[PDB]
$ cat target.pdb   # PDB, C-alpha atoms
ATOM      1  CA  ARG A1814     -40.647   1.162  28.479  1.00  0.00           C
ATOM      2  CA  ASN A1815     -44.034   0.775  26.796  1.00  0.00           C
ATOM      3  CA  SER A1816     -42.722  -1.422  23.967  1.00  0.00           C
ATOM      4  CA  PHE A1817     -41.294  -3.712  26.625  1.00  0.00           C
ATOM      5  CA  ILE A1818     -44.634  -3.793  28.493  1.00  0.00           C
ATOM      6  CA  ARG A1819     -46.162  -4.723  25.129  1.00  0.00           C
ATOM      7  CA  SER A1820     -43.948  -7.826  25.116  1.00  0.00           C
ATOM      8  CA  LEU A1821     -45.331  -8.770  28.540  1.00  0.00           C
ATOM      9  CA  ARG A1822     -48.629  -9.547  26.821  1.00  0.00           C
ATOM     10  CA  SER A1823     -49.484 -12.887  25.257  1.00  0.00           C
ATOM     11  CA  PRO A1824     -47.808 -13.536  21.887  1.00  0.00           C
ATOM     12  CA  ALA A1825     -51.159 -14.680  20.525  1.00  0.00           C
ATOM     13  CA  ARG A1826     -52.516 -11.336  21.772  1.00  0.00           C
ATOM     14  CA  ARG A1827     -50.190  -9.160  19.673  1.00  0.00           C
ATOM     15  CA  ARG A1828     -51.556  -8.513  16.180  1.00  0.00           C
ATOM     16  CA  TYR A1829     -51.424  -5.383  14.013  1.00  0.00           C
ATOM     17  CA  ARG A1830     -53.042  -4.911  10.619  1.00  0.00           C
ATOM     18  CA  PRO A1831     -52.090  -1.513   9.145  1.00  0.00           C
ATOM     19  CA  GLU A1832     -54.921   0.752   8.060  1.00  0.00           C
ATOM     20  CA  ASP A1833     -54.324   1.330   4.365  1.00  0.00           C
ATOM     21  CA  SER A1834     -56.534   1.584   1.279  1.00  0.00           C
ATOM     22  CA  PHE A1835     -55.162  -1.775   0.101  1.00  0.00           C
ATOM     23  CA  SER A1836     -56.318  -3.263   3.403  1.00  0.00           C
ATOM     24  CA  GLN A1837     -59.816  -1.815   2.986  1.00  0.00           C
ATOM     25  CA  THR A1838     -60.222  -2.822  -0.670  1.00  0.00           C
ATOM     26  CA  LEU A1839     -58.494  -6.195  -0.300  1.00  0.00           C
ATOM     27  CA  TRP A1840     -60.427  -6.847   2.898  1.00  0.00           C
ATOM     28  CA  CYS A1841     -59.319 -10.480   3.222  1.00  0.00           C
ATOM     29  CA  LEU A1842     -55.586 -11.191   3.283  1.00  0.00           C
ATOM     30  CA  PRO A1843     -53.072 -12.440   5.848  1.00  0.00           C
ATOM     31  CA  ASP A1844     -51.809  -9.548   7.960  1.00  0.00           C
ATOM     32  CA  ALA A1845     -48.157 -10.207   7.049  1.00  0.00           C
ATOM     33  CA  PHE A1846     -48.711  -8.961   3.482  1.00  0.00           C
ATOM     34  CA  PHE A1847     -48.492  -5.265   4.461  1.00  0.00           C
ATOM     35  CA  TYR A1848     -45.703  -5.235   7.067  1.00  0.00           C
ATOM     36  CA  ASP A1849     -42.917  -4.119   4.729  1.00  0.00           C
ATOM     37  CA  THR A1850     -43.749  -0.583   3.728  1.00  0.00           C
ATOM     38  CA  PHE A1851     -42.845   1.857   6.503  1.00  0.00           C
ATOM     39  CA  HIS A1852     -42.084   0.212   9.828  1.00  0.00           C
ATOM     40  CA  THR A1853     -39.224  -2.034   8.808  1.00  0.00           C
ATOM     41  CA  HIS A1854     -38.247   1.323   7.340  1.00  0.00           C
ATOM     42  CA  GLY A1855     -38.225   2.557  10.926  1.00  0.00           C
ATOM     43  CA  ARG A1856     -36.323  -0.478  12.192  1.00  0.00           C
ATOM     44  CA  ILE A1857     -33.618   0.150   9.573  1.00  0.00           C
ATOM     45  CA  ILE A1858     -33.313   3.937   9.897  1.00  0.00           C
ATOM     46  CA  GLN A1859     -33.306   4.043  13.715  1.00  0.00           C
ATOM     47  CA  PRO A1860     -29.982   2.216  14.412  1.00  0.00           C
ATOM     48  CA  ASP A1861     -28.287   3.595  11.285  1.00  0.00           C
ATOM     49  CA  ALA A1862     -29.141   7.304  11.508  1.00  0.00           C
ATOM     50  CA  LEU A1863     -26.960   8.212  14.488  1.00  0.00           C
ATOM     51  CA  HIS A1864     -23.891   6.078  13.663  1.00  0.00           C
ATOM     52  CA  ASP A1865     -21.000   7.094  15.927  1.00  0.00           C
ATOM     53  CA  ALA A1866     -18.397   4.263  15.703  1.00  0.00           C
ATOM     54  CA  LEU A1867     -14.778   5.427  15.264  1.00  0.00           C
ATOM     55  CA  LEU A1868     -13.684   4.617  18.800  1.00  0.00           C
ATOM     56  CA  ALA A1869     -11.892   1.469  19.878  1.00  0.00           C
ATOM     57  CA  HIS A1870     -13.961  -1.606  18.897  1.00  0.00           C
ATOM     58  CA  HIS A1871     -13.952   0.188  15.495  1.00  0.00           C
ATOM     59  CA  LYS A1872     -10.329   1.372  15.291  1.00  0.00           C
ATOM     60  CA  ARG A1873      -9.230  -1.686  17.302  1.00  0.00           C
ATOM     61  CA  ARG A1874     -11.603  -4.543  16.475  1.00  0.00           C
ATOM     62  CA  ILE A1875     -11.353  -3.682  12.766  1.00  0.00           C
ATOM     63  CA  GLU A1876      -7.721  -2.575  12.466  1.00  0.00           C
ATOM     64  CA  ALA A1877      -6.089  -5.212  14.679  1.00  0.00           C
ATOM     65  CA  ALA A1878      -8.438  -8.048  13.698  1.00  0.00           C
ATOM     66  CA  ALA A1879      -7.672  -7.537  10.004  1.00  0.00           C
ATOM     67  CA  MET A1880      -3.981  -6.929  10.738  1.00  0.00           C
ATOM     68  CA  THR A1881      -3.281 -10.424  12.083  1.00  0.00           C
ATOM     69  CA  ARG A1882      -3.051 -12.973   9.252  1.00  0.00           C
ATOM     70  CA  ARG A1883      -0.878 -15.885   8.134  1.00  0.00           C
TER      71      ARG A1883
ATOM     72  CA  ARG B1062      36.250  -0.901  21.649  1.00  0.00           C
ATOM     73  CA  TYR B1063      39.360   1.307  21.923  1.00  0.00           C
ATOM     74  CA  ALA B1064      41.535  -1.314  20.224  1.00  0.00           C
ATOM     75  CA  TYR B1065      42.976  -1.389  16.717  1.00  0.00           C
ATOM     76  CA  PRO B1066      40.258  -1.967  14.101  1.00  0.00           C
ATOM     77  CA  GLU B1067      40.794  -4.539  11.366  1.00  0.00           C
ATOM     78  CA  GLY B1068      40.135  -3.649   7.714  1.00  0.00           C
ATOM     79  CA  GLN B1069      37.557  -0.870   7.956  1.00  0.00           C
ATOM     80  CA  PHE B1070      39.631   1.900   6.346  1.00  0.00           C
ATOM     81  CA  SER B1071      40.236   3.393   2.912  1.00  0.00           C
ATOM     82  CA  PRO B1072      43.111   1.190   1.720  1.00  0.00           C
ATOM     83  CA  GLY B1073      44.298   3.493  -1.010  1.00  0.00           C
ATOM     84  CA  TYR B1074      42.232   1.940  -3.781  1.00  0.00           C
ATOM     85  CA  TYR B1075      38.457   2.273  -3.813  1.00  0.00           C
ATOM     86  CA  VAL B1076      36.879  -1.276  -4.178  1.00  0.00           C
ATOM     87  CA  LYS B1077      33.177  -2.201  -3.929  1.00  0.00           C
ATOM     88  CA  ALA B1078      30.888  -5.050  -2.994  1.00  0.00           C
ATOM     89  CA  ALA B1079      27.406  -3.664  -3.705  1.00  0.00           C
ATOM     90  CA  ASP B1080      26.253  -6.336  -6.200  1.00  0.00           C
ATOM     91  CA  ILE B1081      22.485  -6.385  -5.491  1.00  0.00           C
ATOM     92  CA  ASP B1082      21.798  -9.909  -6.796  1.00  0.00           C
ATOM     93  CA  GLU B1083      24.414 -11.925  -4.899  1.00  0.00           C
ATOM     94  CA  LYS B1084      24.144  -9.528  -1.959  1.00  0.00           C
ATOM     95  CA  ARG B1085      20.693 -11.058  -1.399  1.00  0.00           C
ATOM     96  CA  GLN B1086      22.298 -14.441  -0.732  1.00  0.00           C
ATOM     97  CA  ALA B1087      25.163 -12.703   1.081  1.00  0.00           C
ATOM     98  CA  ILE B1088      22.695 -11.521   3.731  1.00  0.00           C
ATOM     99  CA  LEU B1089      20.719 -14.737   4.176  1.00  0.00           C
ATOM    100  CA  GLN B1090      23.911 -16.355   5.258  1.00  0.00           C
ATOM    101  CA  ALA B1091      23.849 -15.846   9.059  1.00  0.00           C
ATOM    102  CA  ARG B1092      20.284 -16.690  10.067  1.00  0.00           C
ATOM    103  CA  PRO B1093      19.819 -19.884  12.130  1.00  0.00           C
ATOM    104  CA  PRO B1094      17.394 -22.605  11.001  1.00  0.00           C
ATOM    105  CA  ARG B1095      13.747 -21.740  11.547  1.00  0.00           C
ATOM    106  CA  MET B1096      12.157 -24.256  13.946  1.00  0.00           C
ATOM    107  CA  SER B1097       8.363 -24.446  14.140  1.00  0.00           C
ATOM    108  CA  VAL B1098       7.257 -25.213  17.767  1.00  0.00           C
ATOM    109  CA  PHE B1099       6.173 -28.834  17.091  1.00  0.00           C
ATOM    110  CA  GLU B1100       9.375 -29.105  15.040  1.00  0.00           C
ATOM    111  CA  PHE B1101      11.377 -27.658  17.938  1.00  0.00           C
ATOM    112  CA  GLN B1102       9.831 -30.014  20.494  1.00  0.00           C
ATOM    113  CA  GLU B1103      10.178 -33.130  18.343  1.00  0.00           C
ATOM    114  CA  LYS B1104      13.832 -32.167  17.942  1.00  0.00           C
ATOM    115  CA  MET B1105      14.158 -31.797  21.721  1.00  0.00           C
ATOM    116  CA  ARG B1106      12.277 -35.025  22.479  1.00  0.00           C
ATOM    117  CA  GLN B1107      14.267 -37.063  19.952  1.00  0.00           C
ATOM    118  CA  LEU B1108      17.617 -35.793  21.248  1.00  0.00           C
ATOM    119  CA  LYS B1109      16.771 -36.101  24.944  1.00  0.00           C
ATOM    120  CA  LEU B1110      15.480 -39.663  24.564  1.00  0.00           C
ATOM    121  CA  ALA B1111      17.831 -41.290  22.043  1.00  0.00           C
ATOM    122  CA  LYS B1112      21.050 -39.794  23.425  1.00  0.00           C
ATOM    123  CA  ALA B1113      20.006 -40.531  27.014  1.00  0.00           C
ATOM    124  CA  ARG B1114      19.257 -44.188  26.241  1.00  0.00           C
TER     125      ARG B1114
ATOM    126  CA  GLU C 144     -16.335 -20.436   6.157  1.00  0.00           C
ATOM    127  CA  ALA C 145     -14.655 -23.609   7.439  1.00  0.00           C
ATOM    128  CA  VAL C 146     -11.141 -22.485   6.453  1.00  0.00           C
ATOM    129  CA  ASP C 147     -11.560 -19.366   8.602  1.00  0.00           C
ATOM    130  CA  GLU C 148     -12.232 -21.032  11.972  1.00  0.00           C
ATOM    131  CA  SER C 149      -9.594 -23.665  11.201  1.00  0.00           C
ATOM    132  CA  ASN C 150      -6.926 -21.046  10.434  1.00  0.00           C
ATOM    133  CA  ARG C 151      -7.988 -18.992  13.462  1.00  0.00           C
ATOM    134  CA  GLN C 152      -7.942 -22.026  15.787  1.00  0.00           C
ATOM    135  CA  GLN C 153      -4.443 -23.088  14.738  1.00  0.00           C
ATOM    136  CA  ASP C 154      -3.335 -19.523  15.516  1.00  0.00           C
ATOM    137  CA  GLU C 155      -3.841 -19.648  19.286  1.00  0.00           C
ATOM    138  CA  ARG C 156      -2.815 -23.303  19.571  1.00  0.00           C
ATOM    139  CA  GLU C 157       0.597 -22.317  18.231  1.00  0.00           C
ATOM    140  CA  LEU C 158       0.816 -18.849  19.799  1.00  0.00           C
ATOM    141  CA  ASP C 159      -0.312 -19.717  23.327  1.00  0.00           C
ATOM    142  CA  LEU C 160       2.263 -22.496  23.167  1.00  0.00           C
ATOM    143  CA  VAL C 161       4.834 -19.885  22.082  1.00  0.00           C
ATOM    144  CA  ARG C 162       3.819 -17.651  24.999  1.00  0.00           C
ATOM    145  CA  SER C 163       4.278 -20.691  27.253  1.00  0.00           C
ATOM    146  CA  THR C 164       7.580 -22.035  25.902  1.00  0.00           C
ATOM    147  CA  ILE C 165       9.463 -18.780  25.230  1.00  0.00           C
ATOM    148  CA  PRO C 166       9.653 -17.580  28.879  1.00  0.00           C
ATOM    149  CA  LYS C 167      10.568 -21.156  29.842  1.00  0.00           C
ATOM    150  CA  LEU C 168      13.687 -21.721  27.737  1.00  0.00           C
ATOM    151  CA  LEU C 169      14.749 -18.085  28.159  1.00  0.00           C
ATOM    152  CA  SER C 170      15.239 -18.630  31.898  1.00  0.00           C
ATOM    153  CA  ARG C 171      17.552 -21.664  31.653  1.00  0.00           C
ATOM    154  CA  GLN C 172      20.222 -20.777  29.042  1.00  0.00           C
ATOM    155  CA  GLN C 173      19.190 -22.023  25.570  1.00  0.00           C
ATOM    156  CA  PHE C 174      19.445 -18.624  23.869  1.00  0.00           C
ATOM    157  CA  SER C 175      20.249 -20.222  20.502  1.00  0.00           C
ATOM    158  CA  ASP C 176      17.088 -22.350  20.520  1.00  0.00           C
ATOM    159  CA  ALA C 177      14.997 -19.378  21.657  1.00  0.00           C
ATOM    160  CA  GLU C 178      16.046 -17.048  18.832  1.00  0.00           C
ATOM    161  CA  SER C 179      15.607 -19.914  16.374  1.00  0.00           C
ATOM    162  CA  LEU C 180      12.006 -20.294  17.562  1.00  0.00           C
ATOM    163  CA  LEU C 181      11.200 -16.576  17.516  1.00  0.00           C
ATOM    164  CA  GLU C 182      12.662 -15.839  14.088  1.00  0.00           C
ATOM    165  CA  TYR C 183      10.158 -18.060  12.258  1.00  0.00           C
ATOM    166  CA  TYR C 184       7.037 -16.488  13.785  1.00  0.00           C
ATOM    167  CA  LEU C 185       8.406 -12.943  13.642  1.00  0.00           C
ATOM    168  CA  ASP C 186       8.517 -13.356   9.860  1.00  0.00           C
ATOM    169  CA  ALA C 187       5.452 -15.593   9.439  1.00  0.00           C
ATOM    170  CA  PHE C 188       3.202 -13.277  11.495  1.00  0.00           C
ATOM    171  CA  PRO C 189       5.046 -10.019  10.813  1.00  0.00           C
ATOM    172  CA  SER C 190       2.717  -7.620  12.598  1.00  0.00           C
ATOM    173  CA  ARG C 191       1.986  -9.137  16.035  1.00  0.00           C
ATOM    174  CA  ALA C 192       3.203  -6.957  18.893  1.00  0.00           C
ATOM    175  CA  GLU C 193       3.686  -9.660  21.539  1.00  0.00           C
ATOM    176  CA  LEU C 194       6.220 -11.564  19.422  1.00  0.00           C
ATOM    177  CA  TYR C 195       8.384  -8.452  19.159  1.00  0.00           C
ATOM    178  CA  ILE C 196       8.113  -7.959  22.928  1.00  0.00           C
ATOM    179  CA  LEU C 197       9.392 -11.462  23.704  1.00  0.00           C
ATOM    180  CA  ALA C 198      12.087 -10.996  21.061  1.00  0.00           C
ATOM    181  CA  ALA C 199      13.113  -7.790  22.837  1.00  0.00           C
ATOM    182  CA  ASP C 200      13.246  -9.610  26.179  1.00  0.00           C
ATOM    183  CA  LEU C 201      15.459 -12.326  24.688  1.00  0.00           C
ATOM    184  CA  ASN C 202      18.012  -9.912  23.239  1.00  0.00           C
ATOM    185  CA  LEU C 203      17.960  -7.826  26.431  1.00  0.00           C
ATOM    186  CA  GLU C 204      19.097 -10.785  28.545  1.00  0.00           C
ATOM    187  CA  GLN C 205      21.758 -11.444  25.900  1.00  0.00           C
ATOM    188  CA  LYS C 206      23.009  -7.903  26.742  1.00  0.00           C
ATOM    189  CA  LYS C 207      22.526  -6.941  23.074  1.00  0.00           C
ATOM    190  CA  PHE C 208      20.852  -3.684  24.025  1.00  0.00           C
ATOM    191  CA  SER C 209      21.160  -2.230  20.514  1.00  0.00           C
TER     192      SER C 209
END

$ encode --input "target.pdb" --output "structure tokens"
Amino acid sequence: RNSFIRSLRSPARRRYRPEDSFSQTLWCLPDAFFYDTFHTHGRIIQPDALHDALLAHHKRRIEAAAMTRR
Amino acid sequence: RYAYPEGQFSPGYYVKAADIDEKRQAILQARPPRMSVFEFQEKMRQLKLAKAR
Amino acid sequence: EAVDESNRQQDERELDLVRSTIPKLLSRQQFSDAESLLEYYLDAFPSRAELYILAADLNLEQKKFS
């Protein structure tokens, strides 16, 4: 809900610089230089942690799709 | 189905035709030619036009 | 990747034409031409279920129930 309301705001008005001792010491850098460390971590772990599959579209869209050949 | 069968019986002697190598060609041997949709329809079009004319 | 979409595309061009022609010639005699058409794709694509279904319908109307 709130992340969607965040995307209602202006794209120019959405900027985050992470607070970090590299950010304080290296005071001047583009903000994109510190995005990697733990929140693309979150965007990777969140869809992969639960991981159900193993219904049809996984026993059907993998088995039957690979079964048909020439 | 109730009629007299032809040679299907033990005729005294034993006799075999097992012969794995030429049995491969002995079972091809009945299958019709294998037409391939476009091949089937060009066969049909060529027969139905040339023989009709 | 270009070989993949080309091989996939030529699959439904042939097979939707099979699903169109096979009920057609099965209705009006032509059992010899029908089993000649089915026997190539039953061996070329030897895992597709719908080809075995139409092959079963052909041999059922030939009264070859076995």

$ resolve_selection --input "target.pdb" --expression "the PyMOL selection byres ((chain C) within 9 of (chain B))" --output "ChimeraX atom specification"
/C:157,160-161,164,175-176,178-184

$ resolve_selection --input "target.pdb" --expression "the PyMOL selection byres ((chain C) within 7 of (chain A))" --output "PDB file with C-alpha atoms, in the coordinates of the input"
ATOM      1  CA  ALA C 187       5.452 -15.593   9.439  1.00  0.00           C
ATOM      2  CA  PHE C 188       3.202 -13.277  11.495  1.00  0.00           C
ATOM      3  CA  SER C 190       2.717  -7.620  12.598  1.00  0.00           C
ATOM      4  CA  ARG C 191       1.986  -9.137  16.035  1.00  0.00           C
TER       5      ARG C 191
END

$ residues_around --input "target.pdb" --residues "residue 206 of chain C" --least-positions-apart "6" --cutoff "12 Å" --atoms "only C-alpha atoms" --output "count of residues only"
3

$ atom_distance --input "target.pdb" --atom1 "atom CA of residue 1814 of chain A" --atom2 "atom CA of residue 1852 of chain A"
18.7 Å

$ atom_distance --input "target.pdb" --atom1 "atom CA of residue 170 of chain C" --atom2 "atom CA of residue 1114 of chain B"
26.5 Å

$ residues_around --input "target.pdb" --residues "residue 1079 of chain B" --least-positions-apart "6" --cutoff "12 Å" --atoms "all atoms listed in the file" --output "PyMOL selection string"
chain B and resi 1085+1087-1088

$ residues_around --input "target.pdb" --residues "residue 177 of chain C" --least-positions-apart "6" --cutoff "9 Å" --atoms "only C-alpha atoms" --output "PyMOL selection string"
chain C and resi 164-165+168-169+198+201

$ residues_around --input "target.pdb" --residues "residue 1845 of chain A" --least-positions-apart "4" --cutoff "10 Å" --atoms "all atoms listed in the file" --output "mmCIF file with C-alpha atoms, in the coordinates of the input"
data_model
loop_
_atom_site.group_PDB
_atom_site.id
_atom_site.type_symbol
_atom_site.label_atom_id
_atom_site.label_comp_id
_atom_site.auth_asym_id
_atom_site.auth_seq_id
_atom_site.Cartn_x
_atom_site.Cartn_y
_atom_site.Cartn_z
ATOM 1 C CA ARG A 1828 -51.556 -8.513 16.180
ATOM 2 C CA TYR A 1829 -51.424 -5.383 14.013
ATOM 3 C CA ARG A 1830 -53.042 -4.911 10.619
ATOM 4 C CA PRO A 1831 -52.090 -1.513 9.145
ATOM 5 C CA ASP A 1849 -42.917 -4.119 4.729
#

$ closest_residue --input "target.pdb" --among "A:1879, A:1854, A:1869, A:1847" --to "residue 1835 of chain A" --atoms "all atoms listed in the file"
A:1847

$ atom_distance --input "target.pdb" --atom1 "atom CA of residue 1868 of chain A" --atom2 "atom CA of residue 152 of chain C"
27.4 Å

$ decode --input "target.pdb" --residues "segment 194-206 of chain C" --atoms "N, CA, C and O atoms" --output "PDB file, in the first residue's frame"
ATOM      1  N   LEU C 194      -2.364 -36.280 -31.357  1.00  0.00           N
ATOM      2  CA  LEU C 194      -2.175 -37.100 -32.548  1.00  0.00           C
ATOM      3  C   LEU C 194      -2.603 -38.536 -32.292  1.00  0.00           C
ATOM      4  O   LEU C 194      -3.118 -39.207 -33.194  1.00  0.00           O
ATOM      5  N   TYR C 195      -2.400 -39.025 -31.068  1.00  0.00           N
ATOM      6  CA  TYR C 195      -2.831 -40.377 -30.741  1.00  0.00           C
ATOM      7  C   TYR C 195      -4.344 -40.445 -30.583  1.00  0.00           C
ATOM      8  O   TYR C 195      -4.945 -41.506 -30.781  1.00  0.00           O
ATOM      9  N   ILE C 196      -4.972 -39.329 -30.208  1.00  0.00           N
ATOM     10  CA  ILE C 196      -6.428 -39.292 -30.105  1.00  0.00           C
ATOM     11  C   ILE C 196      -7.067 -39.380 -31.485  1.00  0.00           C
ATOM     12  O   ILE C 196      -8.014 -40.147 -31.695  1.00  0.00           O
ATOM     13  N   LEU C 197      -6.562 -38.602 -32.446  1.00  0.00           N
ATOM     14  CA  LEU C 197      -7.121 -38.643 -33.794  1.00  0.00           C
ATOM     15  C   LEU C 197      -6.776 -39.947 -34.499  1.00  0.00           C
ATOM     16  O   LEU C 197      -7.517 -40.399 -35.379  1.00  0.00           O
ATOM     17  N   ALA C 198      -5.651 -40.565 -34.128  1.00  0.00           N
ATOM     18  CA  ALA C 198      -5.343 -41.898 -34.636  1.00  0.00           C
ATOM     19  C   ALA C 198      -6.297 -42.935 -34.061  1.00  0.00           C
ATOM     20  O   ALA C 198      -6.662 -43.899 -34.744  1.00  0.00           O
ATOM     21  N   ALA C 199      -6.703 -42.756 -32.802  1.00  0.00           N
ATOM     22  CA  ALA C 199      -7.668 -43.666 -32.196  1.00  0.00           C
ATOM     23  C   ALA C 199      -9.044 -43.506 -32.823  1.00  0.00           C
ATOM     24  O   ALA C 199      -9.784 -44.485 -32.971  1.00  0.00           O
ATOM     25  N   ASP C 200      -9.411 -42.275 -33.190  1.00  0.00           N
ATOM     26  CA  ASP C 200     -10.707 -42.042 -33.817  1.00  0.00           C
ATOM     27  C   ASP C 200     -10.751 -42.615 -35.227  1.00  0.00           C
ATOM     28  O   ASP C 200     -11.807 -43.057 -35.694  1.00  0.00           O
ATOM     29  N   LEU C 201      -9.613 -42.605 -35.925  1.00  0.00           N
ATOM     30  CA  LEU C 201      -9.556 -43.176 -37.265  1.00  0.00           C
ATOM     31  C   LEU C 201      -9.740 -44.687 -37.233  1.00  0.00           C
ATOM     32  O   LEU C 201     -10.535 -45.246 -37.996  1.00  0.00           O
ATOM     33  N   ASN C 202      -9.010 -45.366 -36.349  1.00  0.00           N
ATOM     34  CA  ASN C 202      -9.101 -46.818 -36.280  1.00  0.00           C
ATOM     35  C   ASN C 202     -10.387 -47.291 -35.619  1.00  0.00           C
ATOM     36  O   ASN C 202     -10.753 -48.459 -35.783  1.00  0.00           O
ATOM     37  N   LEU C 203     -11.077 -46.420 -34.882  1.00  0.00           N
ATOM     38  CA  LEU C 203     -12.378 -46.776 -34.329  1.00  0.00           C
ATOM     39  C   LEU C 203     -13.442 -46.820 -35.421  1.00  0.00           C
ATOM     40  O   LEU C 203     -14.283 -47.725 -35.433  1.00  0.00           O
ATOM     41  N   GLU C 204     -13.417 -45.857 -36.345  1.00  0.00           N
ATOM     42  CA  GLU C 204     -14.377 -45.863 -37.442  1.00  0.00           C
ATOM     43  C   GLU C 204     -14.022 -46.886 -38.509  1.00  0.00           C
ATOM     44  O   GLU C 204     -14.848 -47.163 -39.385  1.00  0.00           O
ATOM     45  N   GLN C 205     -12.818 -47.449 -38.458  1.00  0.00           N
ATOM     46  CA  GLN C 205     -12.464 -48.600 -39.275  1.00  0.00           C
ATOM     47  C   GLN C 205     -12.913 -49.910 -38.647  1.00  0.00           C
ATOM     48  O   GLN C 205     -12.641 -50.975 -39.214  1.00  0.00           O
ATOM     49  N   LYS C 206     -13.563 -49.844 -37.482  1.00  0.00           N
ATOM     50  CA  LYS C 206     -13.989 -50.970 -36.654  1.00  0.00           C
ATOM     51  C   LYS C 206     -12.828 -51.849 -36.206  1.00  0.00           C
ATOM     52  O   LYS C 206     -13.044 -53.003 -35.821  1.00  0.00           O
TER      53      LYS C 206
END
